[PDB]
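Below you'll find only one chain, the form deposited in one PDB entry, shown as structure tokens.
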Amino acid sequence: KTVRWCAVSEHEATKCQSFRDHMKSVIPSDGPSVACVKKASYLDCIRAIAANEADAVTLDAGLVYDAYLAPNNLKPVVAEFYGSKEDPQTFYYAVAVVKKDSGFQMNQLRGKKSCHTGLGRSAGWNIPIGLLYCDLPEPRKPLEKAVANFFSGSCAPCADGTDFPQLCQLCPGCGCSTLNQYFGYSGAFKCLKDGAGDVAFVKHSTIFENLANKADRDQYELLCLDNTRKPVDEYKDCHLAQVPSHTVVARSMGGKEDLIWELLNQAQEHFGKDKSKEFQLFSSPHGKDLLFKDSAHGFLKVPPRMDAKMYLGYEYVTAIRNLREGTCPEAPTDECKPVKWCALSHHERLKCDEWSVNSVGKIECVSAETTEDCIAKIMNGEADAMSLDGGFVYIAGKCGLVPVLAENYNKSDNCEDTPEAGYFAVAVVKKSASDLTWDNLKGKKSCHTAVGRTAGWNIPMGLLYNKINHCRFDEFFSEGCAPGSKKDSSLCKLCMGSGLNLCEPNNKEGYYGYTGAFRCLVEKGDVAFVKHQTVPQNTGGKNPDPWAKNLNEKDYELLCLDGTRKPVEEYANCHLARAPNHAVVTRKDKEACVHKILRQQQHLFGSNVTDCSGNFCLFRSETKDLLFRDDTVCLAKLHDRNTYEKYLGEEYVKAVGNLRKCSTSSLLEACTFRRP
């Protein structure tokens, strides 16, 4: 198992040694080895890793995109973090800086004057021009002349002053050095500060590095993509694109990746790495930023479920793709393109296909294996929208998606204008099972719907993480049933469902789901973490099955957070936390269109207003609850609660988090690497 690198310049070929010089420290047998391979250009390196005579090259974002492209599909594995560990500058932010109250938004850039860091640069050129590519005046080739005739005078340093005069109108000559007053990050910002231009395309950090005062920077704002402004200290919520600085990238599926990290991490250690002597990995004796960027402070492993496009981001990928493929609609009608819905199964895909047909094209369809695969498809743009439960709204939100519409179940004249609050997650016990409270819950046998689910796991274990700081809930309760847990765990010691279905998150497991969790309570366990409708749902005869036929709801009470108990109908003063109804989520650039079309769809094929026997009905399914819940009355618009934090509620947010960072979801892990 040998790990071959690759170096472009002949200078870093010597920097790549050791090799076996100042790196021959604690070598086992066949493991932590580092070789050197020489190639001409950066392309030749990725083309080499495409074969096998090379394994690891560190690349800038532009080349990370190039390396991802066919035929040589390369995946990012390791990143150079900068600054602190609590504040790692793994990514920077492309940003549009403007003077306060200057009177224009992102979609009003035409005819304004621009300040760039330099032609071809990432934050100062590629990203903003890429994002603007379609709005540019045809012909969009050559690009410089197009940008020049989109703005009313610009300072684009390192560009040709003769062929493209307007691109040097704010800085005659386009100096490619410090000699030009308007060069680089600080230079472009000066072009704004002086009033030469109306907008400067720079890095988020730039204004904080040229304006030490709060009151000075208070005279500036940022343009957000949603056509609003925000103060310069809110770049994380108001940027053109997020971009990875320096990323090392392996050959995807078919090439050592875990060995590369085992190397680079061990290479940190022995500051033979670079914060002791020999040799400081980051700095070079003959050059600057030779093998790695000199600004580096070490390396971090890129999470497993992270592919290139998810790593570079929707905004960046969009911008660069525009810049290369140059494909834009020659008829920019500025109306809504079809909404691509994401289906989680064959039955969902069948219904979606029927919907697509009846919707005369306004809905299209894409499938995926899992919920998280769909969310990722919405993130990268392969899909547009899907309906999600509160739990999956939290993760989708941490991934940059927003909720557009909430599913409503209340019969009311103003249903589509008034989003419902949702339900309550509660803890149910028997009244006979004295003495049970929320305090002395330790050592009792628990009943959960399934591990990872909202009410059955995340919320209750979330409130319990603030008691015992460890993800060993196995050793908190005596035993119980939490479908999906390890087979050798104590949370399977009283499940049912014979075979290998025992402790499996599916109906074959008799204690899976709300119903099963409550059945667990009445038969084996002594406390169920379930929904506030669950107990009435399965008592009185509503559940005709034998185990639940004679059950009475008034035989059960609820555990309150203050250590007391109340009956099942008093959930409003005796719950763990409030959870929201399902919501449709989408990308931010699709919010308006998804909002428009889905509301149109429910007036065409909504609950009533059509004969569900003769035609298509959006809220009816061949089996159960496909795409939307079957008892959906309508889709309601979201005003205040248009963000994941506001849609979920402070109770839900405070409850998890903790249990987060301790979670298993690989999508959450990946999006947490980017924010933060």
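Don't overthink the numbering: it's just position in the shown sequence, from 1. Here the rigid core means the biggest group of C-alpha atoms that line up within 1.5 Å when the two forms are laid on top of each other.
Just so it is clear, the following notes concern the form solved in complex with a partner chain, a form of the same protein that is not shown.
The stretch among 458 to 466, 227 to 235, 364 to 372, 293 to 301 whose residues place heavy atoms within 4.5 Å of the partner chain in the bound PDB entry is 364 to 372. Although the partner is absent from the chain shown here, none of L63, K288 and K646 has a heavy atom within 4.5 Å of the partner chain in the bound PDB entry.
Proximity of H346 to the partner chain in the bound PDB entry: non-hydrogen atoms within 4.5 Å are present. Taking the partner from the other structure, the partner chain in the bound PDB entry has a heavy atom within 4.5 Å of a heavy atom of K508. Proximity of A40 to the partner chain in the bound PDB entry falls outside the 4.5 Å heavy atom cutoff. At a distance threshold of 4.5 angstroms between non-hydrogen atoms, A421 is out of contact with the partner chain in the bound PDB entry.
Checking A212, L561, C471, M253 against the partner chain in the bound PDB entry, a heavy atom within 4.5 Å turns up for just one residue: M253.
When the two forms are overlaid on the rigid core, CA displacement between this form and the one not shown of 2 Å or more is confined, within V248, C168, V98, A450, to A450. After superposition on the rigid core, the Cα of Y512 moves by 2 Å or more between this form and the one not shown. Superposition on the rigid core between this form and the one not shown places the CA atom of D630 2 Å or more away from its counterpart. In the core-superposed comparison between this form and the one not shown, the C-alpha atom of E557 has shifted by at least 2 angstroms.
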